[PDB]
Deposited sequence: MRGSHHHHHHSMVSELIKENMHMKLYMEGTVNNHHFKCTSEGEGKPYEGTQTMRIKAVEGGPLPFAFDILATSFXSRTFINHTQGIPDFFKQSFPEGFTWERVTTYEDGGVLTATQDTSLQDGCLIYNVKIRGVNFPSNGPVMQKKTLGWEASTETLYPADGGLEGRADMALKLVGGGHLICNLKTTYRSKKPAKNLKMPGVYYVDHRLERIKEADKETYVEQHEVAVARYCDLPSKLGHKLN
């Protein structure tokens, strides 16, 4: 495992988020910490404008952290290598009942603290669906597939949202990750997988306060190969 000198064993983060969902404007802020090489992180999140949010907070949860993924098996770490400049990500999440949420994020490092700035736009969430009715109960774990494209990385995942009464609502995540460091200074990974488990620990007051935890690991497929891979 390669160590990037700026990314320490313990790191703190601060986040600002603004956006609109179904034309409802909001802002959130958060602060947290984690162990970047162990793959673990916690965020404590406040809705500071537009609360109580009229939509399930669950649809924002993936928009609050690539530095905190445990890279195993010598996979080059596109994210940790990107400091001090940092990196960006742009995502479109498509829900099977029509809701679409886009998010664009900047990650920087300022005085040793990771800083996140996120913009969100959600449209077409059905008024009768479980997001706008706030009838969701968190995410299942997921596996994201990552692969190089044109100097950056592309990521793909299907995520399963638990519903009140049982059942799931599925969404598809398409993400473009881009380093702010020049290509010559990055060792690029090939195809690899990130296993994620994002769990809500605490909440208060119609989700205006949320504490979330995630563990995440970058790995190859551990199945045998008939081709030597």
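Counting from residue 1 of the deposited sequence, the stretches lacking C-alpha coordinates in this chain are 1-10, 75, 241-243.
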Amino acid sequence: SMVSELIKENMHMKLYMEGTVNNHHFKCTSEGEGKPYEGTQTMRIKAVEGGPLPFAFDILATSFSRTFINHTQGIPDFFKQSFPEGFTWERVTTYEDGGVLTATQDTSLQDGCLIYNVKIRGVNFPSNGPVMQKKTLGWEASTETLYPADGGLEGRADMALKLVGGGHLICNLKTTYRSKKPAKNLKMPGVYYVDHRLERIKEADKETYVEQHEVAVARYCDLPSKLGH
From here on, numbers count along this sequence of modelled residues.
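In this crystal structure, the stretch out of 107-115 and 88-96 whose C-alpha atoms carry the higher mean B factor is 107-115. Relative to one another, 193-201 and 177-185 have unequal mean CA B-factors, and 177-185 is the one with the higher figure. When the C-alpha B-factors of 149, 141, 157, 146 are ranked from the entry, the top spot goes to 149.
Remark: residue 127 belongs to the highest third of its chain, ranked by C-alpha B-factor as recorded. In the deposited entry, the Cα temperature factor of residue 68 sits in the bottom third of values across the chain's modelled residues. In the PDB entry, a CA B factor belonging to the middle third of its chain's modelled residues is recorded for residue 32. Per the PDB record, residue ranking by Cα B-factor puts residue 46 in the highest third of the chain. Per the PDB record, residue ranking by Cα B-factor puts residue 53 in the highest third of the chain.
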